[PDB]
Amino acid sequence: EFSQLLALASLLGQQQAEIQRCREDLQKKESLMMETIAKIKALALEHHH
Amino acid sequence: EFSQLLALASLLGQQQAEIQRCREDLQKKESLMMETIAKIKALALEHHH
Amino acid sequence: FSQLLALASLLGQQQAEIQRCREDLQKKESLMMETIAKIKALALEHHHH
Amino acid sequence: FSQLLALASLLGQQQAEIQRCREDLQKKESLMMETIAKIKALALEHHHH
């Protein structure tokens with residue numbers, strides 16, 4: 001009866017927990033790139049002025 | 001000289017800060033939906049068993 | 001009639017709002033990535049004098 | 001030659017990895033949303049007996 005729905009709700013929780021881990025990694029790599037961007041900004045400043 | 005790059009780095013920080021606020025709201029609405037999903041799961045359980 | 005009817009309606013509203021919010025976010029992420037590509041190409045220009 | 005050259009190379013690597021990670025994430029978000037649509041349509045089916 002309600003078996004179809006319960007299985008999809010169970011899969012949903014695994015999907016979300018998987019997506020939430022992917023969003024974590026995505027943001028950790030995003031922060032790492034901004035560190036690169038900042039290094040380029042620092043050299044740009046030192047020379048433009 | 002380095003003016004073109006500095007302006008884009010300045011815009012980048014505003015974009016990211018804007019994206020990070022959007023990701024916050026997106027996840028707050030995501031958590032609110034799972035609360036709805038859980039309410040449906042609870043009724044499914046009570047009836048299937 | 002049911003409580004399922006109200007729960008499904010709320011779910012459909014929350015998921016329509018989330019998808020609209022997500023397409024909004026992805027356009028911003030895509031515009032932020034263009035800025036980074038602009039910064040990278042600008043860094044390469046200067047190194048080549 | 002320069003330090004810009006190495007910084008731009010690292011930026012190009014980090015942004016290629018981020019975009020690949022993001023397209024990965026968006027396919028998962030799209031698959032999660034299909035599951036929610038499945039749950040919603042299943043809730044509506046049962047309410048109509």
Side-chain angles (χ1 to χ4, degrees), chain A residues 2-27 29-34, chain B residues 14-27 29-45 48-49, chain C residues 2-19 21-22 24-26 28-34, chain D residues 14-19 21-22 24-26 28-49:
Chain A
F2 257 127
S3 38
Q4 210 160 0
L5 191 124
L6 289 163
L8 291 152
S10 168
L11 163 66
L12 178 64
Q14 169 210 272
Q15 297 182 307
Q16 195 214 357
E18 176 183 350
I19 282 151
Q20 272 170 302
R21 262 132 57 207
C22 286
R23 285 177 186 152
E24 268 176 65
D25 300 332
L26 195 274
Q27 210 136 32
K29 322 219 211 143
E30 217 166 274
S31 175
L32 269 180
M33 148 180 313
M34 301 303 294
Chain B
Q14 169 210 272
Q15 297 182 307
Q16 195 214 357
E18 176 183 350
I19 282 151
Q20 272 170 302
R21 262 132 57 207
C22 286
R23 285 177 186 152
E24 268 176 65
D25 300 332
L26 195 274
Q27 210 136 32
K29 322 219 211 143
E30 217 166 274
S31 175
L32 269 180
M33 148 180 313
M34 301 303 294
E35 284 186 57
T36 310
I37 285 286
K39 279 145 147 173
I40 298 174
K41 159 191 201 142
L43 291 196
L45 285 162
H48 191 235
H49 299 0
Chain C
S2 77
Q3 177 188 341
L4 268 196
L5 166 72
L7 287 189
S9 172
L10 181 71
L11 180 62
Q13 217 71 12
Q14 287 166 332
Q15 71 158 337
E17 182 190 18
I18 274 179
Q19 274 290 56
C21 175
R22 173 147 23 230
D24 181 88
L25 176 63
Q26 293 166 354
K28 275 179 225 142
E29 298 173 322
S30 169
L31 267 173
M32 204 203 69
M33 285 287 135
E34 295 188 357
Chain D
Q14 287 166 332
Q15 71 158 337
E17 182 190 18
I18 274 179
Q19 274 290 56
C21 175
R22 173 147 23 230
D24 181 88
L25 176 63
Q26 293 166 354
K28 275 179 225 142
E29 298 173 322
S30 169
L31 267 173
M32 204 203 69
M33 285 287 135
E34 295 188 357
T35 310
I36 283 147
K38 275 188 169 86
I39 295 179
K40 192 191 109 150
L42 226 43
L44 286 180
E45 258 167 72
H46 273 173
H47 159 253
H48 297 351
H49 306 324

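The figures that follow rest on heavy atoms only: side chains count, while hydrogens, waters and symmetry mates do not. Below, read A as the first sequence line, B as the second, and so on, with proteins coming before strands; counting in each chain starts at 1.
- C:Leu10 meets the side-chain contact (heavy atoms from CB on, under 4.5 Å) test with B:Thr36, C:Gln14; sequence neighbours excluded.
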Should B:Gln20 and A:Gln27 be marked as a side chain to side chain contact (heavy atoms under 4.5 Å, CB included) after you check the CA-CA gap, both sets of side-chain angles, and the distance that decides it? CA-CA 9 Å; B:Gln20 272 170 302; A:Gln27 210 136 32; 3.5 Å; yes

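- Pairing each heavy atom of D:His46 with each of C:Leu4, the nearest pair is CB-CD1, 4.0 Å.
- Distance check: B:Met33 CE to B:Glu30 CD gives 7.5 Å after rounding to the nearest 0.5 Å.
- Here the closest heavy-atom approach between residue A:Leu6 and residue B:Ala44 is recorded as CD2-CB, 4.0 Å.
- Between A:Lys29 and A:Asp25, no side-chain nitrogen of the basic residue sits less than 4.0 Å from a carboxylate oxygen of the acidic one, so the salt-bridge criterion is not met.
- With rounding to the nearest 0.5 Å, the separation of CE in C:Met33 from CD1 in D:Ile18 is 5.0 Å.
- With rounding to the nearest 0.5 Å, the separation of CD1 in B:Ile40 from CD in C:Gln3 is 9.5 Å.
- Between A:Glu18 and D:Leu31 the shortest side-chain heavy-atom distance does not fall below 4.5 Å.
- Nearest heavy-atom pair across A:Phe2 and B:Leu43 is CE1-O, 4.0 Å.
- Looking at every heavy atom in both residues, C:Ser2 comes nearest to D:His47 through OG-CD2, 3.0 Å.
- Nearest heavy-atom pair across D:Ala37 and C:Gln15 is N-OE1, 4.2 Å.
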